[PDB]
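What's in target_26.cif: mmCIF, N, CA and C atoms
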data_input
loop_
_atom_site.label_atom_id
_atom_site.label_comp_id
_atom_site.auth_asym_id
_atom_site.auth_seq_id
_atom_site.Cartn_x
_atom_site.Cartn_y
_atom_site.Cartn_z
N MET G 1 14.35 -16.10 -2.73
CA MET G 1 12.84 -16.06 -2.88
C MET G 1 12.04 -16.04 -1.69
N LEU G 2 11.11 -15.14 -1.63
CA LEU G 2 11.01 -14.48 -0.42
C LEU G 2 9.53 -14.58 -0.08
N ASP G 3 9.13 -14.91 1.19
CA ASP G 3 7.71 -14.96 1.51
C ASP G 3 7.15 -13.55 1.70
N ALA G 4 5.85 -13.47 1.48
CA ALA G 4 5.14 -12.17 1.54
C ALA G 4 4.85 -11.75 2.93
N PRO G 5 4.75 -10.43 3.16
CA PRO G 5 4.15 -9.93 4.39
C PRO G 5 2.70 -10.39 4.49
N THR G 6 2.10 -10.26 5.70
CA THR G 6 0.75 -10.73 5.95
C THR G 6 -0.08 -9.70 6.66
N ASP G 7 -1.40 -9.92 6.66
CA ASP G 7 -2.36 -9.19 7.51
C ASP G 7 -2.32 -7.66 7.26
N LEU G 8 -2.75 -7.27 6.07
CA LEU G 8 -2.83 -5.86 5.74
C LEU G 8 -3.95 -5.18 6.52
N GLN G 9 -3.62 -4.17 7.28
CA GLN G 9 -4.58 -3.44 8.10
C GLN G 9 -4.55 -1.99 7.73
N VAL G 10 -5.77 -1.52 7.57
CA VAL G 10 -5.90 -0.13 7.40
C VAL G 10 -6.26 0.51 8.73
N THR G 11 -5.40 1.36 9.23
CA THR G 11 -5.60 1.98 10.53
C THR G 11 -6.15 3.40 10.49
N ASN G 12 -6.14 4.01 9.30
CA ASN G 12 -6.72 5.34 9.11
C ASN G 12 -7.01 5.57 7.64
N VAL G 13 -8.10 6.39 7.42
CA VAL G 13 -8.50 6.72 6.08
C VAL G 13 -9.14 8.08 6.07
N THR G 14 -8.73 8.88 5.11
CA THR G 14 -9.30 10.21 4.91
C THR G 14 -9.71 10.31 3.44
N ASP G 15 -10.11 11.50 3.01
CA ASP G 15 -10.44 11.67 1.62
C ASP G 15 -9.24 11.51 0.71
N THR G 16 -8.03 11.73 1.22
CA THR G 16 -6.83 11.79 0.42
C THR G 16 -5.69 10.93 0.91
N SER G 17 -5.89 10.12 1.92
CA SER G 17 -4.80 9.35 2.50
C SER G 17 -5.32 8.08 3.10
N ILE G 18 -4.37 7.12 3.21
CA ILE G 18 -4.61 5.80 3.83
C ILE G 18 -3.34 5.50 4.66
N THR G 19 -3.49 4.98 5.87
CA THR G 19 -2.39 4.40 6.62
C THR G 19 -2.56 2.91 6.60
N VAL G 20 -1.48 2.24 6.12
CA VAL G 20 -1.39 0.81 5.71
C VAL G 20 -0.36 0.18 6.77
N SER G 21 -0.70 -0.96 7.49
CA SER G 21 0.26 -1.72 8.30
C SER G 21 0.20 -3.18 7.88
N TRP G 22 1.29 -3.89 8.18
CA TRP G 22 1.41 -5.28 7.84
C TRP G 22 2.32 -5.99 8.83
N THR G 23 2.29 -7.32 8.74
CA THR G 23 3.14 -8.18 9.56
C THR G 23 4.29 -8.68 8.68
N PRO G 24 5.52 -8.65 9.17
CA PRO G 24 6.65 -9.09 8.32
C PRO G 24 6.53 -10.55 7.91
N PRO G 25 7.18 -10.91 6.82
CA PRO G 25 7.33 -12.33 6.49
C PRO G 25 8.27 -13.00 7.48
N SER G 26 8.34 -14.30 7.44
CA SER G 26 9.43 -15.06 8.10
C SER G 26 10.90 -14.82 7.56
N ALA G 27 11.13 -14.52 6.32
CA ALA G 27 12.46 -14.29 5.85
C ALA G 27 13.14 -13.03 6.47
N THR G 28 14.47 -13.00 6.58
CA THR G 28 15.29 -11.82 6.72
C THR G 28 15.00 -10.87 5.55
N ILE G 29 14.75 -9.62 5.85
CA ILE G 29 14.44 -8.66 4.78
C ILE G 29 15.24 -7.37 4.93
N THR G 30 15.29 -6.66 3.82
CA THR G 30 16.03 -5.43 3.70
C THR G 30 15.19 -4.23 3.28
N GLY G 31 13.88 -4.39 3.10
CA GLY G 31 13.04 -3.27 2.74
C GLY G 31 11.65 -3.76 2.39
N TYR G 32 10.75 -2.80 2.11
CA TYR G 32 9.47 -3.10 1.49
C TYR G 32 9.26 -2.12 0.33
N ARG G 33 8.55 -2.62 -0.68
CA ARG G 33 8.02 -1.79 -1.76
C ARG G 33 6.50 -1.82 -1.66
N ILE G 34 5.87 -0.67 -1.76
CA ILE G 34 4.41 -0.55 -1.68
C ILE G 34 3.93 0.07 -2.98
N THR G 35 2.96 -0.53 -3.63
CA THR G 35 2.32 0.09 -4.77
C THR G 35 0.87 0.40 -4.46
N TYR G 36 0.34 1.39 -5.16
CA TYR G 36 -1.03 1.77 -4.96
C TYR G 36 -1.58 2.31 -6.28
N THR G 37 -2.84 1.96 -6.55
CA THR G 37 -3.51 2.45 -7.76
C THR G 37 -4.99 2.28 -7.58
N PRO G 38 -5.81 3.10 -8.20
CA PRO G 38 -7.26 2.80 -8.15
C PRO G 38 -7.56 1.52 -8.85
N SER G 39 -8.56 0.76 -8.37
CA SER G 39 -9.05 -0.36 -9.11
C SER G 39 -9.50 0.04 -10.52
N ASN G 40 -10.07 1.22 -10.65
CA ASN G 40 -10.52 1.70 -11.96
C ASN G 40 -9.41 2.37 -12.75
N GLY G 41 -8.16 2.35 -12.33
CA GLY G 41 -7.04 2.98 -13.06
C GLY G 41 -6.65 1.90 -14.14
N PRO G 42 -5.91 2.23 -15.27
CA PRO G 42 -5.39 1.22 -16.26
C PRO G 42 -4.65 0.07 -15.57
N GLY G 43 -4.44 0.35 -14.29
CA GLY G 43 -3.78 -0.58 -13.44
C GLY G 43 -2.25 -0.46 -13.37
N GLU G 44 -1.29 0.16 -14.14
CA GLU G 44 0.18 0.24 -13.72
C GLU G 44 0.21 1.31 -12.56
N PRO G 45 0.69 1.02 -11.42
CA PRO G 45 0.57 1.73 -10.15
C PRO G 45 1.68 2.72 -9.87
N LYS G 46 1.44 3.54 -8.88
CA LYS G 46 2.50 4.29 -8.26
C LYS G 46 3.23 3.46 -7.20
N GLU G 47 4.51 3.75 -6.98
CA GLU G 47 5.37 2.91 -6.14
C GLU G 47 6.09 3.80 -5.12
N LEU G 48 6.26 3.26 -3.94
CA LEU G 48 7.10 3.85 -2.92
C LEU G 48 7.92 2.72 -2.29
N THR G 49 8.99 3.10 -1.61
CA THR G 49 9.79 2.15 -0.84
C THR G 49 10.03 2.70 0.55
N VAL G 50 10.25 1.77 1.46
CA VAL G 50 10.52 2.05 2.87
C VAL G 50 11.60 1.11 3.39
N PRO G 51 12.27 1.51 4.47
CA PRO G 51 13.22 0.59 5.12
C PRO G 51 12.47 -0.57 5.77
N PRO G 52 13.21 -1.63 6.11
CA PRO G 52 12.56 -2.83 6.67
C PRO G 52 12.00 -2.61 8.06
N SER G 53 12.50 -1.58 8.75
CA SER G 53 11.99 -1.18 10.03
C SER G 53 10.60 -0.52 9.93
N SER G 54 10.15 -0.16 8.74
CA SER G 54 8.81 0.39 8.56
C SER G 54 7.87 -0.75 8.25
N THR G 55 6.94 -1.04 9.18
CA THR G 55 5.87 -2.01 8.97
C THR G 55 4.50 -1.32 8.84
N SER G 56 4.54 0.00 8.69
CA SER G 56 3.40 0.80 8.34
C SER G 56 3.90 1.89 7.38
N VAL G 57 2.99 2.44 6.61
CA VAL G 57 3.27 3.60 5.79
C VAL G 57 1.96 4.34 5.56
N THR G 58 2.02 5.64 5.43
CA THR G 58 0.87 6.45 5.05
C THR G 58 1.07 6.97 3.65
N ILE G 59 0.06 6.72 2.83
CA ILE G 59 0.01 7.10 1.43
C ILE G 59 -0.88 8.33 1.31
N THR G 60 -0.37 9.39 0.70
CA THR G 60 -1.06 10.65 0.61
C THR G 60 -1.30 11.02 -0.84
N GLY G 61 -2.01 12.12 -1.03
CA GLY G 61 -2.30 12.60 -2.35
C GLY G 61 -3.26 11.80 -3.16
N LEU G 62 -4.11 11.05 -2.50
CA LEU G 62 -5.04 10.17 -3.17
C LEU G 62 -6.30 10.87 -3.61
N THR G 63 -6.94 10.23 -4.61
CA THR G 63 -8.23 10.70 -5.13
C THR G 63 -9.34 10.36 -4.16
N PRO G 64 -10.20 11.33 -3.80
CA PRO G 64 -11.35 10.98 -2.93
C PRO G 64 -12.37 10.06 -3.54
N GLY G 65 -12.95 9.20 -2.73
CA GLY G 65 -14.14 8.42 -3.09
C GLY G 65 -13.95 7.22 -3.96
N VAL G 66 -12.71 6.69 -4.09
CA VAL G 66 -12.46 5.60 -5.02
C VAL G 66 -11.73 4.46 -4.29
N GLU G 67 -11.92 3.26 -4.83
CA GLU G 67 -11.24 2.10 -4.31
C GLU G 67 -9.80 2.06 -4.79
N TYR G 68 -8.87 1.97 -3.87
CA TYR G 68 -7.45 1.75 -4.13
C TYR G 68 -7.09 0.31 -3.81
N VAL G 69 -6.15 -0.19 -4.63
CA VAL G 69 -5.46 -1.48 -4.44
C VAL G 69 -4.09 -1.17 -3.91
N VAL G 70 -3.76 -1.70 -2.73
CA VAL G 70 -2.49 -1.51 -2.08
C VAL G 70 -1.77 -2.88 -2.06
N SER G 71 -0.53 -2.88 -2.55
CA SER G 71 0.26 -4.11 -2.66
C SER G 71 1.58 -3.89 -1.93
N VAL G 72 1.93 -4.77 -1.01
CA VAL G 72 3.15 -4.66 -0.21
C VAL G 72 4.05 -5.86 -0.54
N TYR G 73 5.25 -5.57 -1.01
CA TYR G 73 6.25 -6.54 -1.37
C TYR G 73 7.40 -6.48 -0.38
N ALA G 74 7.81 -7.62 0.18
CA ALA G 74 9.05 -7.66 0.94
C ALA G 74 10.21 -7.70 -0.03
N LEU G 75 11.32 -7.11 0.39
CA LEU G 75 12.55 -7.05 -0.39
C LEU G 75 13.68 -7.66 0.40
N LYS G 76 14.60 -8.32 -0.33
CA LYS G 76 15.83 -8.85 0.28
C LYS G 76 16.86 -8.67 -0.78
N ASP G 77 17.65 -7.64 -0.64
CA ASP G 77 18.52 -7.23 -1.69
C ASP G 77 17.79 -7.00 -3.00
N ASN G 78 18.12 -7.81 -4.00
CA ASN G 78 17.62 -7.70 -5.35
C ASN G 78 16.34 -8.50 -5.48
N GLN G 79 15.96 -9.21 -4.47
CA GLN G 79 14.82 -10.15 -4.53
C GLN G 79 13.54 -9.48 -3.97
N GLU G 80 12.39 -9.91 -4.47
CA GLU G 80 11.07 -9.47 -3.97
C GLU G 80 10.12 -10.63 -3.76
N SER G 81 9.26 -10.56 -2.73
CA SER G 81 8.20 -11.52 -2.49
C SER G 81 7.04 -11.31 -3.43
N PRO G 82 6.12 -12.28 -3.53
CA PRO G 82 4.76 -11.92 -4.04
C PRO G 82 4.16 -10.89 -3.10
N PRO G 83 3.20 -10.10 -3.59
CA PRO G 83 2.65 -9.04 -2.78
C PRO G 83 1.58 -9.52 -1.82
N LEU G 84 1.48 -8.80 -0.70
CA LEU G 84 0.30 -8.76 0.16
C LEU G 84 -0.62 -7.70 -0.44
N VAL G 85 -1.87 -8.07 -0.75
CA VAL G 85 -2.78 -7.16 -1.45
C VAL G 85 -4.04 -6.95 -0.64
N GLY G 86 -4.43 -5.68 -0.52
CA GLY G 86 -5.72 -5.33 0.08
C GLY G 86 -6.29 -4.12 -0.62
N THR G 87 -7.54 -3.83 -0.34
CA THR G 87 -8.24 -2.71 -0.95
C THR G 87 -8.83 -1.77 0.12
N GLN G 88 -9.03 -0.52 -0.29
CA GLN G 88 -9.61 0.49 0.57
C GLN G 88 -10.15 1.60 -0.28
N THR G 89 -11.41 2.01 0.00
CA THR G 89 -11.97 3.21 -0.62
C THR G 89 -11.67 4.42 0.22
N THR G 90 -11.16 5.49 -0.43
CA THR G 90 -10.92 6.75 0.27
C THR G 90 -12.27 7.45 0.60
N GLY G 91 -12.23 8.33 1.57
CA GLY G 91 -13.41 9.10 1.96
C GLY G 91 -13.86 10.06 0.90
N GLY G 92 -15.08 10.59 1.08
CA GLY G 92 -15.53 11.75 0.35
C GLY G 92 -16.24 11.53 -0.98
N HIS G 93 -16.68 10.32 -1.29
CA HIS G 93 -17.34 10.05 -2.56
C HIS G 93 -18.45 11.05 -2.90
N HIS G 94 -19.29 11.37 -1.95
CA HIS G 94 -20.42 12.22 -2.25
C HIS G 94 -20.18 13.70 -1.82
N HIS G 95 -18.97 14.07 -1.52
CA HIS G 95 -18.67 15.44 -1.10
C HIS G 95 -17.86 16.22 -2.14
N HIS G 96 -18.00 17.54 -2.19
CA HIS G 96 -17.21 18.37 -3.08
C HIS G 96 -15.79 18.47 -2.50
N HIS G 97 -14.86 18.84 -3.33
CA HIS G 97 -13.54 19.13 -2.87
C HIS G 97 -13.03 20.38 -3.52
N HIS G 98 -12.78 21.41 -2.74
CA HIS G 98 -12.29 22.66 -3.21
C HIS G 98 -13.27 23.22 -4.25
#

Full structure transcribed into structure tokens:
Amino acid sequence: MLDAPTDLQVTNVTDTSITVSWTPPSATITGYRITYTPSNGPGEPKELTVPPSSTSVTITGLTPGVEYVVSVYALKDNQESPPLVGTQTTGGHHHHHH
């Protein structure tokens, strides 16, 4: 049972992407799982995974102009931490797209 990563930082944001960084937990870890969904979505999210050497990830294909909830879970084998949770609105709310 595993402590959560800390200090979610958004280092870049576009109309369709977010770059997400975090600080590792104190535990030995074997990966991270990242979920993302709009706050206004039914709420079951999309999921990605990364190796433990990744303490940042860029999420693409996002909807412009909406608040996303990003949740980062540390993994240790079959085990997962509670998530580190932060929010970010993508660019372009008042702009057309294509």

Here's the selection I'm unsure about, the PyMOL selection byres ((chain G and resi 64-81) around 8); applied to the file above, which residues does it give, as a PyMOL selection string? chain G and resi 1-6+14-17+24-25+27-41+52+61-63+82-95

CA of residue 20 (chain G) to CA of residue 46 (chain G): how many Å, to one decimal?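 These two atoms are separated by 14.9 Å.
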
Expected axis-aligned box over every listed atom of region 32-44 of chain G, 6 Å added per side, centre plus edges in Å to one decimal, as JSON:
{"center_x": 0.1, "center_y": 0.0, "center_z": -7.1, "size_x": 33.3, "size_y": 18.2, "size_z": 30.4}

In Å, with one decimal, what is the gap from CA of residue 44 (chain G) to CA of residue 60 (chain G)?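 Rounded to one decimal, the two atoms are 17.8 Å apart.
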
Rank nothing, just name the residue among G:58, G:51, G:9, G:96 nearest to residue 21 (chain G), using only C-alpha atoms. G:9

When you draw a straight line from CA of residue 10 (chain G) to CA of residue 57 (chain G), how long is it in Å?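 Pair CA of residue 10 (chain G) / CA of residue 57 (chain G) returns 10.0 Å.
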
Residue among G:98, G:18, G:26, G:43 lying closest to residue 59 (chain G), counting only N, CA and C atoms: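 Among G:98, G:18, G:26, G:43, it is G:18 that comes nearest to residue 59 (chain G).
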
How would you write, as a PDB file with N, CA and C atoms, in the frame of the given file, the set of residues in chain G that DSSP gives as strand (DSSP E)?
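New file part.pdb:
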ATOM      1  N   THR G   6       2.100 -10.260   5.700  1.00  0.00           N
ATOM      2  CA  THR G   6       0.750 -10.730   5.950  1.00  0.00           C
ATOM      3  C   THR G   6      -0.080  -9.700   6.660  1.00  0.00           C
ATOM      4  N   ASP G   7      -1.400  -9.920   6.660  1.00  0.00           N
ATOM      5  CA  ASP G   7      -2.360  -9.190   7.510  1.00  0.00           C
ATOM      6  C   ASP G   7      -2.320  -7.660   7.260  1.00  0.00           C
ATOM      7  N   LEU G   8      -2.750  -7.270   6.070  1.00  0.00           N
ATOM      8  CA  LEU G   8      -2.830  -5.860   5.740  1.00  0.00           C
ATOM      9  C   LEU G   8      -3.950  -5.180   6.520  1.00  0.00           C
ATOM     10  N   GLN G   9      -3.620  -4.170   7.280  1.00  0.00           N
ATOM     11  CA  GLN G   9      -4.580  -3.440   8.100  1.00  0.00           C
ATOM     12  C   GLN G   9      -4.550  -1.990   7.730  1.00  0.00           C
ATOM     13  N   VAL G  10      -5.770  -1.520   7.570  1.00  0.00           N
ATOM     14  CA  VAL G  10      -5.900  -0.130   7.400  1.00  0.00           C
ATOM     15  C   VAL G  10      -6.260   0.510   8.730  1.00  0.00           C
ATOM     16  N   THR G  11      -5.400   1.360   9.230  1.00  0.00           N
ATOM     17  CA  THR G  11      -5.600   1.980  10.530  1.00  0.00           C
ATOM     18  C   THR G  11      -6.150   3.400  10.490  1.00  0.00           C
ATOM     19  N   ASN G  12      -6.140   4.010   9.300  1.00  0.00           N
ATOM     20  CA  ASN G  12      -6.720   5.340   9.110  1.00  0.00           C
ATOM     21  C   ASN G  12      -7.010   5.570   7.640  1.00  0.00           C
ATOM     22  N   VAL G  13      -8.100   6.390   7.420  1.00  0.00           N
ATOM     23  CA  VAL G  13      -8.500   6.720   6.080  1.00  0.00           C
ATOM     24  C   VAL G  13      -9.140   8.080   6.070  1.00  0.00           C
ATOM     25  N   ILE G  18      -4.370   7.120   3.210  1.00  0.00           N
ATOM     26  CA  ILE G  18      -4.610   5.800   3.830  1.00  0.00           C
ATOM     27  C   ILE G  18      -3.340   5.500   4.660  1.00  0.00           C
ATOM     28  N   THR G  19      -3.490   4.980   5.870  1.00  0.00           N
ATOM     29  CA  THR G  19      -2.390   4.400   6.620  1.00  0.00           C
ATOM     30  C   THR G  19      -2.560   2.910   6.600  1.00  0.00           C
ATOM     31  N   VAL G  20      -1.480   2.240   6.120  1.00  0.00           N
ATOM     32  CA  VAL G  20      -1.390   0.810   5.710  1.00  0.00           C
ATOM     33  C   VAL G  20      -0.360   0.180   6.770  1.00  0.00           C
ATOM     34  N   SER G  21      -0.700  -0.960   7.490  1.00  0.00           N
ATOM     35  CA  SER G  21       0.260  -1.720   8.300  1.00  0.00           C
ATOM     36  C   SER G  21       0.200  -3.180   7.880  1.00  0.00           C
ATOM     37  N   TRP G  22       1.290  -3.890   8.180  1.00  0.00           N
ATOM     38  CA  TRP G  22       1.410  -5.280   7.840  1.00  0.00           C
ATOM     39  C   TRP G  22       2.320  -5.990   8.830  1.00  0.00           C
ATOM     40  N   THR G  23       2.290  -7.320   8.740  1.00  0.00           N
ATOM     41  CA  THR G  23       3.140  -8.180   9.560  1.00  0.00           C
ATOM     42  C   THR G  23       4.290  -8.680   8.680  1.00  0.00           C
ATOM     43  N   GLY G  31      13.880  -4.390   3.100  1.00  0.00           N
ATOM     44  CA  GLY G  31      13.040  -3.270   2.740  1.00  0.00           C
ATOM     45  C   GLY G  31      11.650  -3.760   2.390  1.00  0.00           C
ATOM     46  N   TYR G  32      10.750  -2.800   2.110  1.00  0.00           N
ATOM     47  CA  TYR G  32       9.470  -3.100   1.490  1.00  0.00           C
ATOM     48  C   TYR G  32       9.260  -2.120   0.330  1.00  0.00           C
ATOM     49  N   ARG G  33       8.550  -2.620  -0.680  1.00  0.00           N
ATOM     50  CA  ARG G  33       8.020  -1.790  -1.760  1.00  0.00           C
ATOM     51  C   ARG G  33       6.500  -1.820  -1.660  1.00  0.00           C
ATOM     52  N   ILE G  34       5.870  -0.670  -1.760  1.00  0.00           N
ATOM     53  CA  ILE G  34       4.410  -0.550  -1.680  1.00  0.00           C
ATOM     54  C   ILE G  34       3.930   0.070  -2.980  1.00  0.00           C
ATOM     55  N   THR G  35       2.960  -0.530  -3.630  1.00  0.00           N
ATOM     56  CA  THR G  35       2.320   0.090  -4.770  1.00  0.00           C
ATOM     57  C   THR G  35       0.870   0.400  -4.460  1.00  0.00           C
ATOM     58  N   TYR G  36       0.340   1.390  -5.160  1.00  0.00           N
ATOM     59  CA  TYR G  36      -1.030   1.770  -4.960  1.00  0.00           C
ATOM     60  C   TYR G  36      -1.580   2.310  -6.280  1.00  0.00           C
ATOM     61  N   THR G  37      -2.840   1.960  -6.550  1.00  0.00           N
ATOM     62  CA  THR G  37      -3.510   2.450  -7.760  1.00  0.00           C
ATOM     63  C   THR G  37      -4.990   2.280  -7.580  1.00  0.00           C
ATOM     64  N   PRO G  38      -5.810   3.100  -8.200  1.00  0.00           N
ATOM     65  CA  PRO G  38      -7.260   2.800  -8.150  1.00  0.00           C
ATOM     66  C   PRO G  38      -7.560   1.520  -8.850  1.00  0.00           C
ATOM     67  N   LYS G  46       1.440   3.540  -8.880  1.00  0.00           N
ATOM     68  CA  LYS G  46       2.500   4.290  -8.260  1.00  0.00           C
ATOM     69  C   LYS G  46       3.230   3.460  -7.200  1.00  0.00           C
ATOM     70  N   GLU G  47       4.510   3.750  -6.980  1.00  0.00           N
ATOM     71  CA  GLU G  47       5.370   2.910  -6.140  1.00  0.00           C
ATOM     72  C   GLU G  47       6.090   3.800  -5.120  1.00  0.00           C
ATOM     73  N   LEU G  48       6.260   3.260  -3.940  1.00  0.00           N
ATOM     74  CA  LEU G  48       7.100   3.850  -2.920  1.00  0.00           C
ATOM     75  C   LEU G  48       7.920   2.720  -2.290  1.00  0.00           C
ATOM     76  N   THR G  49       8.990   3.100  -1.610  1.00  0.00           N
ATOM     77  CA  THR G  49       9.790   2.150  -0.840  1.00  0.00           C
ATOM     78  C   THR G  49      10.030   2.700   0.550  1.00  0.00           C
ATOM     79  N   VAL G  50      10.250   1.770   1.460  1.00  0.00           N
ATOM     80  CA  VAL G  50      10.520   2.050   2.870  1.00  0.00           C
ATOM     81  C   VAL G  50      11.600   1.110   3.390  1.00  0.00           C
ATOM     82  N   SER G  56       4.540   0.000   8.690  1.00  0.00           N
ATOM     83  CA  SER G  56       3.400   0.800   8.340  1.00  0.00           C
ATOM     84  C   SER G  56       3.900   1.890   7.380  1.00  0.00           C
ATOM     85  N   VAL G  57       2.990   2.440   6.610  1.00  0.00           N
ATOM     86  CA  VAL G  57       3.270   3.600   5.790  1.00  0.00           C
ATOM     87  C   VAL G  57       1.960   4.340   5.560  1.00  0.00           C
ATOM     88  N   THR G  58       2.020   5.640   5.430  1.00  0.00           N
ATOM     89  CA  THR G  58       0.870   6.450   5.050  1.00  0.00           C
ATOM     90  C   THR G  58       1.070   6.970   3.650  1.00  0.00           C
ATOM     91  N   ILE G  59       0.060   6.720   2.830  1.00  0.00           N
ATOM     92  CA  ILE G  59       0.010   7.100   1.430  1.00  0.00           C
ATOM     93  C   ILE G  59      -0.880   8.330   1.310  1.00  0.00           C
ATOM     94  N   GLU G  67     -11.920   3.260  -4.830  1.00  0.00           N
ATOM     95  CA  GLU G  67     -11.240   2.100  -4.310  1.00  0.00           C
ATOM     96  C   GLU G  67      -9.800   2.060  -4.790  1.00  0.00           C
ATOM     97  N   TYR G  68      -8.870   1.970  -3.870  1.00  0.00           N
ATOM     98  CA  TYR G  68      -7.450   1.750  -4.130  1.00  0.00           C
ATOM     99  C   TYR G  68      -7.090   0.310  -3.810  1.00  0.00           C
ATOM    100  N   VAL G  69      -6.150  -0.190  -4.630  1.00  0.00           N
ATOM    101  CA  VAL G  69      -5.460  -1.480  -4.440  1.00  0.00           C
ATOM    102  C   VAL G  69      -4.090  -1.170  -3.910  1.00  0.00           C
ATOM    103  N   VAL G  70      -3.760  -1.700  -2.730  1.00  0.00           N
ATOM    104  CA  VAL G  70      -2.490  -1.510  -2.080  1.00  0.00           C
ATOM    105  C   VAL G  70      -1.770  -2.880  -2.060  1.00  0.00           C
ATOM    106  N   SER G  71      -0.530  -2.880  -2.550  1.00  0.00           N
ATOM    107  CA  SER G  71       0.260  -4.110  -2.660  1.00  0.00           C
ATOM    108  C   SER G  71       1.580  -3.890  -1.930  1.00  0.00           C
ATOM    109  N   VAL G  72       1.930  -4.770  -1.010  1.00  0.00           N
ATOM    110  CA  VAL G  72       3.150  -4.660  -0.210  1.00  0.00           C
ATOM    111  C   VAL G  72       4.050  -5.860  -0.540  1.00  0.00           C
ATOM    112  N   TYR G  73       5.250  -5.570  -1.010  1.00  0.00           N
ATOM    113  CA  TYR G  73       6.250  -6.540  -1.370  1.00  0.00           C
ATOM    114  C   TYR G  73       7.400  -6.480  -0.380  1.00  0.00           C
ATOM    115  N   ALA G  74       7.810  -7.620   0.180  1.00  0.00           N
ATOM    116  CA  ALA G  74       9.050  -7.660   0.940  1.00  0.00           C
ATOM    117  C   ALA G  74      10.210  -7.700  -0.030  1.00  0.00           C
ATOM    118  N   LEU G  75      11.320  -7.110   0.390  1.00  0.00           N
ATOM    119  CA  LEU G  75      12.550  -7.050  -0.390  1.00  0.00           C
ATOM    120  C   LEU G  75      13.680  -7.660   0.400  1.00  0.00           C
ATOM    121  N   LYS G  76      14.600  -8.320  -0.330  1.00  0.00           N
ATOM    122  CA  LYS G  76      15.830  -8.850   0.280  1.00  0.00           C
ATOM    123  C   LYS G  76      16.860  -8.670  -0.780  1.00  0.00           C
ATOM    124  N   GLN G  79      15.960  -9.210  -4.470  1.00  0.00           N
ATOM    125  CA  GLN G  79      14.820 -10.150  -4.530  1.00  0.00           C
ATOM    126  C   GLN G  79      13.540  -9.480  -3.970  1.00  0.00           C
ATOM    127  N   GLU G  80      12.390  -9.910  -4.470  1.00  0.00           N
ATOM    128  CA  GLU G  80      11.070  -9.470  -3.970  1.00  0.00           C
ATOM    129  C   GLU G  80      10.120 -10.630  -3.760  1.00  0.00           C
ATOM    130  N   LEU G  84       1.480  -8.800  -0.700  1.00  0.00           N
ATOM    131  CA  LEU G  84       0.300  -8.760   0.160  1.00  0.00           C
ATOM    132  C   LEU G  84      -0.620  -7.700  -0.440  1.00  0.00           C
ATOM    133  N   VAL G  85      -1.870  -8.070  -0.750  1.00  0.00           N
ATOM    134  CA  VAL G  85      -2.780  -7.160  -1.450  1.00  0.00           C
ATOM    135  C   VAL G  85      -4.040  -6.950  -0.640  1.00  0.00           C
ATOM    136  N   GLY G  86      -4.430  -5.680  -0.520  1.00  0.00           N
ATOM    137  CA  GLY G  86      -5.720  -5.330   0.080  1.00  0.00           C
ATOM    138  C   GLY G  86      -6.290  -4.120  -0.620  1.00  0.00           C
ATOM    139  N   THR G  87      -7.540  -3.830  -0.340  1.00  0.00           N
ATOM    140  CA  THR G  87      -8.240  -2.710  -0.950  1.00  0.00           C
ATOM    141  C   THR G  87      -8.830  -1.770   0.120  1.00  0.00           C
ATOM    142  N   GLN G  88      -9.030  -0.520  -0.290  1.00  0.00           N
ATOM    143  CA  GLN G  88      -9.610   0.490   0.570  1.00  0.00           C
ATOM    144  C   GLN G  88     -10.150   1.600  -0.280  1.00  0.00           C
ATOM    145  N   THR G  89     -11.410   2.010   0.000  1.00  0.00           N
ATOM    146  CA  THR G  89     -11.970   3.210  -0.620  1.00  0.00           C
ATOM    147  C   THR G  89     -11.670   4.420   0.220  1.00  0.00           C
TER     148      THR G  89
END

Model the absent atoms of region 88-95 of chain G so that N, CA, C and O atoms are present, and write the result as a PDB file, in the frame of the given file.
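This went into out-v2.pdb:
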ATOM      1  N   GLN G  88      -9.030  -0.520  -0.290  1.00  0.00           N
ATOM      2  CA  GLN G  88      -9.610   0.490   0.570  1.00  0.00           C
ATOM      3  C   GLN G  88     -10.150   1.600  -0.280  1.00  0.00           C
ATOM      4  O   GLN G  88      -9.439   2.136  -1.114  1.00  0.00           O
ATOM      5  N   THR G  89     -11.410   2.010   0.000  1.00  0.00           N
ATOM      6  CA  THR G  89     -11.970   3.210  -0.620  1.00  0.00           C
ATOM      7  C   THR G  89     -11.670   4.420   0.220  1.00  0.00           C
ATOM      8  O   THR G  89     -11.857   4.426   1.440  1.00  0.00           O
ATOM      9  N   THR G  90     -11.160   5.490  -0.430  1.00  0.00           N
ATOM     10  CA  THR G  90     -10.920   6.750   0.270  1.00  0.00           C
ATOM     11  C   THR G  90     -12.270   7.450   0.600  1.00  0.00           C
ATOM     12  O   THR G  90     -13.286   7.168  -0.019  1.00  0.00           O
ATOM     13  N   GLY G  91     -12.230   8.330   1.570  1.00  0.00           N
ATOM     14  CA  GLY G  91     -13.410   9.100   1.960  1.00  0.00           C
ATOM     15  C   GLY G  91     -13.860  10.060   0.900  1.00  0.00           C
ATOM     16  O   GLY G  91     -13.123  10.396  -0.046  1.00  0.00           O
ATOM     17  N   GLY G  92     -15.080  10.590   1.080  1.00  0.00           N
ATOM     18  CA  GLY G  92     -15.530  11.750   0.350  1.00  0.00           C
ATOM     19  C   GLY G  92     -16.240  11.530  -0.980  1.00  0.00           C
ATOM     20  O   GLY G  92     -16.378  12.502  -1.750  1.00  0.00           O
ATOM     21  N   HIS G  93     -16.680  10.320  -1.290  1.00  0.00           N
ATOM     22  CA  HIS G  93     -17.340  10.050  -2.560  1.00  0.00           C
ATOM     23  C   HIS G  93     -18.450  11.050  -2.900  1.00  0.00           C
ATOM     24  O   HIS G  93     -18.511  11.503  -4.065  1.00  0.00           O
ATOM     25  N   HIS G  94     -19.290  11.370  -1.950  1.00  0.00           N
ATOM     26  CA  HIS G  94     -20.420  12.220  -2.250  1.00  0.00           C
ATOM     27  C   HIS G  94     -20.180  13.700  -1.820  1.00  0.00           C
ATOM     28  O   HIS G  94     -21.115  14.448  -1.846  1.00  0.00           O
ATOM     29  N   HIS G  95     -18.970  14.070  -1.520  1.00  0.00           N
ATOM     30  CA  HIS G  95     -18.670  15.440  -1.100  1.00  0.00           C
ATOM     31  C   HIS G  95     -17.860  16.220  -2.140  1.00  0.00           C
ATOM     32  O   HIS G  95     -17.076  15.635  -2.895  1.00  0.00           O
TER      33      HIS G  95
END
